[PDB]
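This document starts with one chain, in the form deposited in one PDB entry, laid out as structure tokens.
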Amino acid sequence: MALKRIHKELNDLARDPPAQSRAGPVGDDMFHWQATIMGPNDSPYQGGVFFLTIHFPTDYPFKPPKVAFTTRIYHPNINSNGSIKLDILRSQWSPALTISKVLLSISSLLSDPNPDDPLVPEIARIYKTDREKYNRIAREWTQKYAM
């Protein structure tokens, strides 16, 4: 069941790339994928290429995939271990969601952080009180780790 739906998504992702991202299986293993996502245009991550790892549970699509950044990034909702603060990855998951929709969601979150429910409280604080500094540091980290 999971395997069948997982090749289905592979085609759909190849034919219709979500938000300047690329994604596919780690060689033979269909339950482990690598992805890249581009920093959104006119975000401070612009120009960056960010690596993601994706692990599908055995009972996918009824349980969410595990999705994490492996590229360091400066963002209130993504922590130093690359965990991503998206409801759909945790409690709001539904089998009507897809990896394409997750990648779309990641892109939207990069463009518009949610500092009120952060994974990194101090970065959220900077985002709120000194956005110029947040943009500067986000850009610096993009230049250092993703470019």
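In this text, rigid core is short for the largest set of C-alphas that superpose within 1.5 Å between two forms. From 1 onward, residues are counted along the sequence shown.
Keep in mind that the form deposited in another entry is missing from the display, and what follows is about it.
For residue 129, a C-alpha deviation below 2 angstroms is recorded between the shown form and the other one after rigid-core alignment. Shown in the overlay between the shown form and the other one, fitted on the rigid core, is a CA shift at residue 25 smaller than 2 Å. Superposition of the core reveals a Cα shift of less than 2 Å for residue 138 between the shown form and the other one.
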